[PDB]
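Notes for the one structure printed next.
Protein chains: 4
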Amino acid sequence: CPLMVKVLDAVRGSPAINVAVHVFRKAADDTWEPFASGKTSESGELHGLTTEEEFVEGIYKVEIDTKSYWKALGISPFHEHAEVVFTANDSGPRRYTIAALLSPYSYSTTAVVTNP
Amino acid sequence: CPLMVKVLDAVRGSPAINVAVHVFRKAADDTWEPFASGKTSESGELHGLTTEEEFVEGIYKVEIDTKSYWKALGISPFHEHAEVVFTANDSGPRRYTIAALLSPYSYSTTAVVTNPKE
Amino acid sequence: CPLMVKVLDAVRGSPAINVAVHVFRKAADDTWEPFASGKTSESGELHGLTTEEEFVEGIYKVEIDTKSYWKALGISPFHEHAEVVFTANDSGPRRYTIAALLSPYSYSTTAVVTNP
Amino acid sequence: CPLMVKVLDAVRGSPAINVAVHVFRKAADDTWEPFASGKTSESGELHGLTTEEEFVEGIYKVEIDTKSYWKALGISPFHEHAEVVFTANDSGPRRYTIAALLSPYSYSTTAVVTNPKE
Ligand SMILES: N[C@@H](Cc1cc(I)c(Oc2cc(I)c(O)c(I)c2)c(I)c1)C(=O)O
Ligand SMILES: N[C@@H](Cc1cc(I)c(Oc2cc(I)c(O)c(I)c2)c(I)c1)C(=O)O
């Protein structure tokens, strides 16, 4: 749909599968409120988290439980989890892909905003 | 110091100067408590946030305002900020070096933990 | 096919399209010899560069002309180009995806080796 | 010095110690000429490769043997090495800091160029 997540493992060089992803929308009260969640698939992807009709402009936060994932491989991670806060103001493009590359002591995240 | 931050700019090939950094500590009520703040210097570093005595066990959050940095450069970035959450000094004290590499639609962070020997 | 390349732009947050990619195979003489080439598509991907029958074990080098790409956006790049040398010993998995994330002064590359 | 390398380990949260680095310069015949070599120290840094006089205009290649590093750690990595190709001091001399962040199936590199004022 209009919001996709992709997670990869930099240690094994494979998609990070079955990771818990939680999405939040900043509400007026300025707190974070549940929006959507899921666990990444076998190809380290999470789709159809939302629809265009309910994905309105605003501030969203995507939180990835990197800790649980690393513990499970029996590796001691640094981060409690990874977060990505961005303003989604679909004024042009439509699709957003939040990609994160994980390592026990580091993680990189990039956003690919396209139109088709 | 126990806590050090290093920020680099991937578009210019330079350290990230005047980037504001806010550090919080997860309060006793699962509330985030301001713990320290600063701005990266000419070398994109920030030392002097805290001391050994002040820096006790707990979950800390280092928030880097990447947004203000880019905006003041003519580029509108994707992210609002960059935040690193971690548990510190649970096995006696350590030295943490939180490093970030910035790009308008991406950023990378890694941590360097060294044992003072305590 | 069994070798895929993906390129992304970290400055515009979009796929890096129409980038020249050249692949080499280290020959006995130990020099690099032409193997395959292409320009990334509209989604910053390059597929069907080879086939299983001709992708044999050995040392391959994937070179991405990051310079030409950055010059075209009128940005001064640091690197002359990005390279990725790896040993492909399909003894297990089959597919290799060489992903590279570009920035005028930096580039990260990760490999996703899967089986389906 | 004009040329400095910094290597970090993303799996351990530490500098990359004893990593071999070879530097080449594109010879007059489009041949790579060995220019300097070293090994990262306890702080995952390598200084003293060259001098201002020695380091003239040209295209250089910094090759980091990431493979030997990982192997000597029990992990078999994806890449054979990590190489950074760039043109240096074409607009009078500069100072270059080639930094790499290593992972078994990934690695990141960025450069920090500063003007000595020449
Ligand atoms: N006192 C040091 C400060 C410094 C610490 C680190 I640790 C570092 O290394 C990286 C490597 C990568 I890859 C990054 O993305 C990032 I951010 C930092 C660099 I350069 C500089 C000095 O100024 O000499
Ligand atoms: N089904 C989606 C899945 C997908 C998105 C991305 I974006 C991607 O590319 C990278 C490149 C680097 I470098 C990373 O560190 C990471 I994480 C992902 C890859 I492979 C796959 C699609 O193909 O559109």
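Residue numbers (the entry's author numbering), protein chains in the order written: chain B, 10 to 125; chain A, 10 to 127; chain B', 10 to 125; chain A', 10 to 127. A prime marks a further copy of an entry chain. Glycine included, each C-beta is placed from N, C-alpha and C at the ideal position.
Relative to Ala-81(B'), the option among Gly-67(B'), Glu-66(B'), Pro-113(B') whose CA is nearest is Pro-113(B'). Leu-12(A') and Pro-125(A') have their C-alpha atoms roughly 12 Å apart. A distance criterion of 7 Å places the beta-carbon of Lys-15(A) in contact range of ligand 1, judged by its closest non-hydrogen atom.
Of all alpha-carbon atoms in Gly-22(A), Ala-120(A), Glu-51(A), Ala-36(A), the one lying nearest the alpha-carbon of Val-28(A) is that of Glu-51(A). Residue range 115-123 is occupied by the beta strand (DSSP E) that includes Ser-117(A'). Taking 8 Å as the upper bound on Cβ-Cβ separation, chain A lies near residues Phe-87, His-88, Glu-89, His-90, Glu-92, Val-93, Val-94, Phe-95, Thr-96 of the region 86-101 of chain B. Short note on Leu-110(A'): C-beta closer than 7 Å to some heavy atom of ligand 1.
Per DSSP, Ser-50(A') lies in no beta strand (DSSP E) segment and is marked neither H nor E.
DSSP places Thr-75(A) in the uninterrupted alpha helix (DSSP H) bounded by 75-80. Taking 8 Å as the threshold, the shortest C-beta distance from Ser-117(A) to chain B falls below it. Using beta-carbon distances, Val-14(B') does not count as an interface residue toward chain B, since no partner is under 8 Å. Between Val-94(A) and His-90(B), the CB-CB gap stays under 8 Å. Taking a contact to require three or more Cβ pairs closer than 8 Å, the region 100-117 of chain B and the region 32-42 of chain B' do not qualify as touching. Taking 8 Å as the upper bound for CB-CB distance, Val-71(B') and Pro-102(B') are not in contact here, some 17 Å apart. The nearest non-hydrogen atom of ligand 2 is 7 Å or more from the C-beta of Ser-23(A).
Under the three-state reduction of DSSP output, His-90(A) falls in the coil class, being neither helix nor strand. About 6 Å separates the beta carbons of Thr-49(A) and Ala-25(A), which is inside the 8 Å limit, making them a contact pair. The beta carbon of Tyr-78(B) sits no closer than 8 Å to any beta carbon of chain A. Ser-112(B') is bridged by DSSP to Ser-115(B').
Residues of chain B' whose Cβ lies closer than 8 Å to the Cβ of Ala-120(A) do not exist, since the nearest Cβ in that chain is about 17 Å away.
Taken atom to atom, the span from the alpha-carbon of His-56(B') to that of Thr-119(B) is near 22 Å. Counted as a single uninterrupted DSSP element, the beta strand (DSSP E) harbouring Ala-29(B') occupies residues 29-35.
By the Cβ-count criterion, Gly-83(B) is exposed, with fewer than 16 other Cβ atoms from all chains shown falling within 10 Å of its own Cβ.
As the crow flies, the alpha-carbon of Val-16(B') is around 10 Å from that of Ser-117(B'). For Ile-73(A), the closest Cβ of chain B is not nearer than 8 Å.
By alpha-carbon distance to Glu-66(A), the top candidate from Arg-104(A), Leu-58(A), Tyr-105(A), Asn-98(A) is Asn-98(A).
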